[PDB]
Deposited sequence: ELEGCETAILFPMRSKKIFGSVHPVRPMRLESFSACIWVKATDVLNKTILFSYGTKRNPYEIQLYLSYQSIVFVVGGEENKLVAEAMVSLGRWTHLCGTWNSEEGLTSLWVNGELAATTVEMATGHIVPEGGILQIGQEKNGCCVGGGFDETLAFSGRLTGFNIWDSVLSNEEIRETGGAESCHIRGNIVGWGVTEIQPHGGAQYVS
């Protein structure tokens, strides 16, 4: 089935390495879940996994890796949920971020386990459509190479609703392949790798 035996490789860090995601449905989100499999080659202070932003706000949605933590941003750089758990370099890891504008509920999951959570994070904010959605780097470039991802990514998915631990664990299970998002679906949604990035 679609997007099953494929990943995207970022060989090195550079000023033009990134990947563009082109969903058919609009990116207007009152609540969402965004998952991705990451195998990091090297991590710096801010290594982007995926990032969504408009011209007025480049940090509408972001998931990145830090030296000792994993950071999930929704609706502005002031809104950071930090999971002090650290990804192992070279090791496939399923990361999900979930968020709901309703009470600012924000959760960060590592391999189907809740690694962090908080409330009142961008409460009442609606993520706007028409922005730029990238993997491995943030928008405008060329780019800042110290932010670029190095390694492998796959199974990038976005649902317009907060999944449950059942559904999240399943997305991180042996059938990760066939579980896709309705906004961004790995294997059907068009993802173009640029600047040296490319499928494997």
Response to the item:
In deposited-sequence numbering, the unmodelled segments run 1, 143 to 147, 207
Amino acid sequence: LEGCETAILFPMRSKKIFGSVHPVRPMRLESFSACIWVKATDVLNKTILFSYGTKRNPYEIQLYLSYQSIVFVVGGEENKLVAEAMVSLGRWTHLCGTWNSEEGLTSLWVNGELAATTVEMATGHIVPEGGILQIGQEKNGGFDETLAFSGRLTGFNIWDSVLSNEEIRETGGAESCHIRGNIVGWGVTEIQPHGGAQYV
From here on, numbers count along this sequence of modelled residues.
Practice prompt. Just grab whichever of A115, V71, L95, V87 has the top CA B-factor as deposited.
Written response: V87
Worksheet item: For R169, does the deposited CA B-factor place it in the lowest, middle or highest third of the chain?
Response: highest
Worksheet item: If you rank the chain by CA B-factor, which third does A7 end up in: lowest, middle or highest?
Response: middle
Discussion item. Ranking the modelled residues of this chain by C-alpha B-factor as given in the entry, is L108 in the lowest, middle or highest third?
Written reply: lowest
Fill in: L44, C-alpha B-factor rank within chain (lowest, middle or highest third)
highest
Discussion item. Please place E175 in the lowest, middle or highest third of its chain according to the CA B-factor in the PDB entry.
Written reply: highest
